[PDB]
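Enquirer:
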Amino acid sequence: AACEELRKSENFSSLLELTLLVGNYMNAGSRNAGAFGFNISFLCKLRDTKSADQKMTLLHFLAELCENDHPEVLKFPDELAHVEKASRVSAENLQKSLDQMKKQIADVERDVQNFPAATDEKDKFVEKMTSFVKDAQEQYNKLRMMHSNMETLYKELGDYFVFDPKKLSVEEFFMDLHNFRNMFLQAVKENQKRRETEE
Amino acid sequence: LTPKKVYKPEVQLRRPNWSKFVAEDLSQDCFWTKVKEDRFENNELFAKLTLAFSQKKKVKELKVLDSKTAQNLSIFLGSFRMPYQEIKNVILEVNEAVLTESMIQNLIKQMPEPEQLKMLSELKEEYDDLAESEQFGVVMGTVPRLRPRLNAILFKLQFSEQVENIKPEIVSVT
Amino acid sequence: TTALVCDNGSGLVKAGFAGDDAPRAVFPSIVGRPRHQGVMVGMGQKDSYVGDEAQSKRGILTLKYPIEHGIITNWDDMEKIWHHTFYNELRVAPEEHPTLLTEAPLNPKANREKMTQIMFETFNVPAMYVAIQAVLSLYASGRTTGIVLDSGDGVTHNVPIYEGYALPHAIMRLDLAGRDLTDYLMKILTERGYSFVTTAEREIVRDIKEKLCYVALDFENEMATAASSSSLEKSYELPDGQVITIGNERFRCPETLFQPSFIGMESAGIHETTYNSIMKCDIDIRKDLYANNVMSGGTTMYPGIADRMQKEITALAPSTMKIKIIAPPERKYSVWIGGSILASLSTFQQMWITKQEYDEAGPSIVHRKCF
Amino acid sequence: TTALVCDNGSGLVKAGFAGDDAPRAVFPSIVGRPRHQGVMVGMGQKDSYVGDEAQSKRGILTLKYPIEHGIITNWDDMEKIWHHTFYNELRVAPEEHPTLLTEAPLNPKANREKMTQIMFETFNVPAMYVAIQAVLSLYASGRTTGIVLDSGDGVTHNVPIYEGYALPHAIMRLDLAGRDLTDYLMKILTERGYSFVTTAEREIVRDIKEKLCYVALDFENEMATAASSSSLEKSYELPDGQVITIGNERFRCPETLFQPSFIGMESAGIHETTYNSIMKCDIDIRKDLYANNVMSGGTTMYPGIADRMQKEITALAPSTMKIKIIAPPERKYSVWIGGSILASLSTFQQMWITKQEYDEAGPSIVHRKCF
Amino acid sequence: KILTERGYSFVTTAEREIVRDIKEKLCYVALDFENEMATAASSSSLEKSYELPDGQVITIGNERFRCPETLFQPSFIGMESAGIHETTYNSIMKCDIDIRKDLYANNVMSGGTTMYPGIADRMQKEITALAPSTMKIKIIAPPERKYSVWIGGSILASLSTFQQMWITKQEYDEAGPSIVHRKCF
Ligand SMILES: Nc1ncnc2c1ncn2[C@@H]1O[C@H](COP(=O)(O)OP(=O)(O)O)[C@@H](O)[C@H]1O
Ligand SMILES: Nc1ncnc2c1ncn2[C@@H]1O[C@H](COP(=O)(O)OP(=O)(O)O)[C@@H](O)[C@H]1O
Ligand SMILES: [Mg+2]
Ligand SMILES: [Mg+2]
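Residue numbers (the numbering used here), protein chains in the order written: chain D, 1 to 199; chain C, 1001 to 1174; chain G, 2001 to 2371; chain H, 3001 to 3371; chain E, 4001 to 4185.
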């Protein structure tokens, strides 16, 4: 379901150009002078960049600049809807469990074939366990086709996002973007509180 | 592609220290190749970024006492906070409700020499101008014959604690 | 410039000036919020009441403690505690007065980080310092060596000090103190039919614990005496006028301090904590530590605790040691009195953490400068 | 008859047969007792859980270590450990199988006396032996000469051997190993906010130390690296699902092995202990001890310890000598493997302490027959 | 209290049985309270009718899910205590840290007050919101949970090991009526 949902990109364009222009002026003469880009998970640490008087932050200064110059950039964090529901990991051991499932069903199907004739009327092994293997191989092939559909959709997103299956820790990718959403809403509300206090 | 604008500010500014992406690691269809941040350029923005993100008297004259004696007395006098003549009266009355072992043992350990206490007693007319450790040595210097008197003070205050220790030991053996 | 001492305890804030014997502002640290529908318009209806006002109007308030076991959880409520204890109680400007604070040992460091950050940013003092409460109790005792058991409302800690040299490998922290005793008394008062569930009733049970409870010298003989005859039973008047009568719960409440397994905690009592903190020390100082058991904090304010502590330590120690529990009558405020010593010392004036050192080194100098 | 090797270490009992390559039964030496109230009648409610079962049900148990610093304190608990490792893990009869035990040097003699008396009266054997662990480690290294630093969970001892002749005046014992590292990690984990007080939480902090900790090559550069950037920080999942993240405490915990003054001990670290054990020997053999520094024990299982040990000994030794730290990959079980050598040797069969010799000589043959 | 909003007055003790029958028959627990309140305010789809024993017919809307919402929200009836899901979470968090992974998998509900047909999904959503995300929140709600406590008594009284734990007549006559504290829990 998440591979079928993940088909959309961009959104953030305008604030990253504003932060890089302000940030290259701050980092000029340092190692980070003339930086072509910066990390999206670093956006929580804009609040850590305090001023000289320690009354406003770089997060507060960019929010005050957007309130004055460009009053359309501030509608960015309402577009971030599935950022909070993108922080999980579930891979790897599904193949090992299904290979354990395929090995154990074949162990059951071998010993059903190798069992002798039932010498008692209470021995109801042969009727029900053949129906179990008929149930299990039907359910495993439902699982194997869905895992192949899981592997094809993971390979389709590998061609879509032009990435090989190595890149992970997406839960730390989107927690910082969700925390930047709450930090920017705090910084706009603090700047509106600071303007109302000065009035 | 083009290199970024290498700014040269007059004042060194506070900066966020990110891990940058160089032009070798940029792809063709990345976001950073299409960045047009020079439309956001403003000299007032750089001016605001430059502007925002750029009785006690304690000496004390020590006429008689040295530095180490005056320091350790005033530490204990600050620990105890009694007036000096009140300390003199409780010693003279031998008030056993007030007096303890650790008060007396701190008094003997931080007591100055009797030659220093006699020299402090010779300058009683300048009592308000002396230091707080030196004010205590004047009031303790009001009693003369220091080492015989203080040992007699020491044994009397220890006698009640000695009787309360020795007597239940004898009764327990008996 | 007169300094300030502000012991931010778990249950009661004790603040006042330096150079004074008694603490000027002693008030409990609670933040109240109304839980009912206000129908009368106007009349100065505040959304929050801090301190004794929260004690006064507590029938229509939910009371929150911002400190739990020495760790400040809610920080805006702690800012309301600090704003009330500076501007309303003391009526002082914080930017013209230094303010020493107190802290439990083995505290998480981010509490010290945010305490230093609020004390240098919101209430921007010229200087502050964070110290240890047991060193202040050993200051107020007048001596130099000794082991201190300081037991407040959240934290009971044993710290040994010999000749001004502490031993940090023998500091023992136990999270069992007067709020746990108040909750245990709220648990055991339901046997007699009296139910106390809300936070308004917790103040009533705490007042019952402060008035009527005491430490038994022997637990089993007192339990047999209270089971046999109704001579130990006492009465108390509730604010609605009902009279309650309690028996063995007078001494079952502080007995959790000597037996923590009443409230399901694995660790041992305060006497075994004191004996293990003595035995963790080096051997040649141990005779000095057996003779100078200094007690402080309000949880050691029961009228049976010094004789029980002497009996338990003399049971644990060898027989040729002079056990002497130092229990002053002013031990409830004594930590503050030690702050009144340490703010008034002439040699302490170089040990302030300044504003300029904070601006140079960030909020990270409080680990390197303090102990 | 096949023999048994039962290394009764402070932390982990390692028991199994003779001639094998790997120990069959590795399980920690804890005895658990329930500390709450049972409400369900029956259900096989044991009064004691021993070993991995005490690891499994550990949320309701108090876990007691029978061994502290190589000295067995509680002897009935050690009888329960021996009963579990004979009857439940191995499922063996000790009346028809010999047993070799390992012991730290400079042990009190009555520990060996009661070990011999329990092994000869309660779990009475045809024969048993008590040996030194460093001799077994030098057996498992495959060499005749060498200095052995063996560091289990209570005892870190340096013993040098040249050509099968040990020097008893150069044996250096230090009571600092992985349990003190566990307690120091419990002390320093409370700095970040995570509190661990019970005996159940000691196993969780021990698992954190086993999975995440490592020996730093340079402590000042690693502290500057961890202070600068959060690249060394690592995350771990608790059994209740909470996730913790630790930084410099990955390498501050084994740094007590090179700096004991963090936990208040006066004695020097393991590198100067090994260097003084080298320099206490005679002058001809020191080069033959400089190239054969054999490490053993689980506490030397950190993935930074051999290069740090080589750097510190190379700093201490003269420069014209080759320092070679012998660090096998199987050094955790290696003492047991040395027992699996020494039980299989044909010359060792005359060195058994038989039952007739014990019944003739009392419990006094164990001092003159062993080391 | 809230059935007097629509014009139906019930003040006697005889009428409490009728309001209890209305609570037993028609009430249910909403999965989300705000969305169900907006749904009931928007359309008349959730409204149901009940027949009084004299012959009158009442019709109720949102009061089907405002009455058992007080279990998850006690501040409707003016109580300082928190809801049953936060009480369950605090009783889990008061336990030791090793056993919580069992307890999150073994939420057991009993009593007739947990017999509403919406309560288990709401309880699972609230505990799943409170717990960390790596925990399997399982709630065991059998269909015979109204009398299951009694059934557990019929488990315990028929046990062979419970024959030694009875308080006899002779122990009562020895120790007075005070042995039940030391013998039981
Ligand atoms: N007379 C008394 N008897 C017993 N306990 C008391 C008494 N007076 C106060 N207390 C307890 O002491 C606590 C206050 O201690 P406090 O001085 O705040 O210590 P700290 O500042 O270390 O928290 C209160 O919670 C109360 O329960
Ligand atoms: N991989 C590892 N990394 C770090 N420490 C370890 C590792 N494995 C074991 N330890 C530590 O070493 C100890 C085990 O060493 P061992 O000699 O088996 O102890 P014992 O024999 O006394 O039980 C454990 O207490 C553990 O703390
Ligand atoms: Mg305090
Ligand atoms: Mg070992």
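Each residue gets a CB set at the ideal place from its N, CA and C atoms; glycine is no exception.
Return yes when the C-beta of H/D3007 is under 7 Å from any heavy atom of ligand 4, and no when it is not.
Expert: Yes, the beta carbon of H/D3007 sits closer than 7 Å to at least one heavy atom of ligand 4.
Enquirer: Skipping 5 residues on each side, what residues in its chain have a beta carbon closer than 6 Å to that of C/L1146?
Expert: Here the set comprises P1114 and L1117.
Enquirer: Would you say the beta carbon of C/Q1110 comes nearer than 7 Å to a heavy atom of ligand 4?
Expert: Result no, Cβ not under 7 Å from ligand 4.
Enquirer: Looking at the C-beta of G/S2277, does it have a partner C-beta in chain H at a distance below 8 Å?
Expert: It does not; no Cβ of chain H falls within 8 Å.
Enquirer: Can the beta-carbon of H/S3010 be found less than 8 Å from the beta-carbon of H/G3152?
Expert: For H/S3010 and H/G3152, yes; Cβs fall inside 8 Å.
Enquirer: Are any of the Cβ atoms in chain D nearer than 8 Å to that of C/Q1012?
Expert: So, interface residue.
Enquirer: How would you label C/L1107, buried or exposed, when you count the other beta carbons within 10 angstroms and need 16 or more for buried?
Expert: Flag for C/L1107 reads buried.
Enquirer: Whole angstroms is fine: what's the gap from H/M3128's alpha carbon to H/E3095's?
Expert: In a straight line, the C-alpha of H/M3128 is about 11 Å away from that of H/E3095.
Enquirer: Taking the C-alpha atoms as reference points, what is the distance between G/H2069 and G/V2031?
Expert: About 17 Å.
Enquirer: What does the Cβ neighbour count give for H/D3007, buried or exposed, with the cut at 16 atoms within 10 Å?
Expert: Its Cβ being crowded by 16 or more others within 10 Å, H/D3007 is buried.
Enquirer: Give me the Cβ distance between H/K3234 and H/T3225, rounded to the nearest whole Å; I'm assuming they're in contact under 8 Å.
Expert: Rounded, the Cβ-Cβ distance is 14 Å, inconsistent with contact.
Enquirer: For a contact meaning CB atoms closer than 8 Å, what does E/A4131 contact in chain H?
Expert: What E/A4131 touches in chain H: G3241.
Enquirer: Could you tell me which whole beta strand (DSSP E) segments of length 3 or greater appear in the stretch 3090–3125 of chain H?
Expert: Runs found: 3099–3103.
Enquirer: Could you check whether the Cβ of E/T4128 sits closer than 8 Å to any Cβ belonging to chain H?
Expert: So no, E/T4128 is outside the interface.
Enquirer: Please list the terminal residues of the continuous beta strand (DSSP E) segment that includes G/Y2162.
Expert: Counting along the chain, the beta strand (DSSP E) containing G/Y2162 begins and ends at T2156 to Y2162.
Enquirer: Confirm, please, whether the CB-CB distance from G/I2081 to G/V2050 is below 8 Å.
Expert: Against a cut-off of 8 Å, the Cβ pair of G/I2081 and G/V2050 comes out as a contact.
Enquirer: How is the alpha helix (DSSP H) around H/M3301 delimited, first residue to last?
Expert: Segment: none, H/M3301 is in no alpha helix (DSSP H) and carries neither H nor E.
Enquirer: In the DSSP output, which residue or residues are listed as bridge partners for G/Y2087?
Expert: Its beta-bridge partners do not exist; DSSP assigns none.
Enquirer: Could you work out which residues of chain D lie near C/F1053, taking near to mean beta carbons separated by less than 8 Å?
Expert: Within 8 Å Cβ-Cβ: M26, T49, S51, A52, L58 and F61.
Enquirer: Does G/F2196 come out as helix, strand or coil in the three-state DSSP assignment?
Expert: Correct three-state label for G/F2196: coil.
Enquirer: According to a CB-to-CB cut-off of less than 9 Å, which residues of the stretch 2109–2131 of chain G neighbour chain H?
Expert: If the cut-off is 9 Å between Cβ atoms, the stretch 2109–2131 of chain G has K2109, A2110 and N2111 near chain H.
Enquirer: Hey, quick one: how far does the beta strand (DSSP E) through C/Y1007 stretch, first residue to last?
Expert: C/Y1007 -> no beta strand (DSSP E), and no H or E assigned at all.
Enquirer: Output, in sequence order along the chain, the residues in the stretch 4070–4087 of chain E whose CB is closer than 9 Å to any CB in chain G.
Expert: So the list reads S4075, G4078, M4079, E4080 and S4081, given in the order they occur along the chain.
Enquirer: So which residues of chain F does H/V3197 contact, with C-beta pairs closer than 7 Å?
Expert: Reference to chain F is not applicable here, since the protein chains of this structure are D, C, G, H and E.
Enquirer: I want to check one thing, is the minimum distance from the CB of H/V3026 to the heavy atoms of ligand 4 below 7 Å?
Expert: Not so, every heavy atom of ligand 4 lies at least 7 Å from the Cβ.
Enquirer: Can you give, in chain order, each stretch of the beta strand (DSSP E) that sits fully within the stretch 2191–2259 of chain G and has at least 3 residues?
Expert: Segments of the beta strand (DSSP E) lying fully in the stretch 2191–2259 of chain G: 2234–2237 and 2243–2246.
Enquirer: Any Cβ of chain G within less than 8 Å of the Cβ of H/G3193?
Expert: Yes, H/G3193 lies at the interface with chain G (some Cβ there is under 8 Å from its Cβ).
Enquirer: Might you give, ordered along the chain, the residues of its own chain that have their beta carbon closer than 6 Å to the beta carbon of H/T3299, omitting 5 neighbours on each side?
Expert: Excluding positions up to five away in sequence, the list reads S3151, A3177 and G3178.
Enquirer: Can you pull the chain D neighbours of C/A1023, defined as C-beta to C-beta under 7 Å?
Expert: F36, listed in chain order.
Enquirer: Going by the CB atoms, is the gap between H/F3120 and H/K3369 shorter than 8 Å?
Expert: Not closer than 8 Å, so no.
Enquirer: Over the uninterrupted alpha helix (DSSP H) stretch that includes G/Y2358, give me the two end residues.
Expert: Note, G/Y2358: alpha helix (DSSP H), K2355 to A2361.
Enquirer: Give the straight-line distance between the Cα atoms of D/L6 and D/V170, rounded to the nearest whole angstrom.
Expert: Using only the alpha carbons, I get a separation of about 13 Å.
Enquirer: Tell me whether G/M2301 counts as near ligand 1, meaning its Cβ is closer than 7 Å to at least one heavy atom of that ligand.
Expert: Yes.
Enquirer: Check G/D2150 in the structure and name its three-state DSSP category.
Expert: Correct three-state label for G/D2150: strand.
Enquirer: Tell me whether H/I3325 sits in a helix, a strand or coil according to DSSP, three-state version.
Expert: Correct three-state label for H/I3325: strand.
Enquirer: Between which two residues does the alpha helix (DSSP H) harbouring D/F174 extend?
Expert: Unbroken alpha helix (DSSP H) run through D/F174: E171 to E198.
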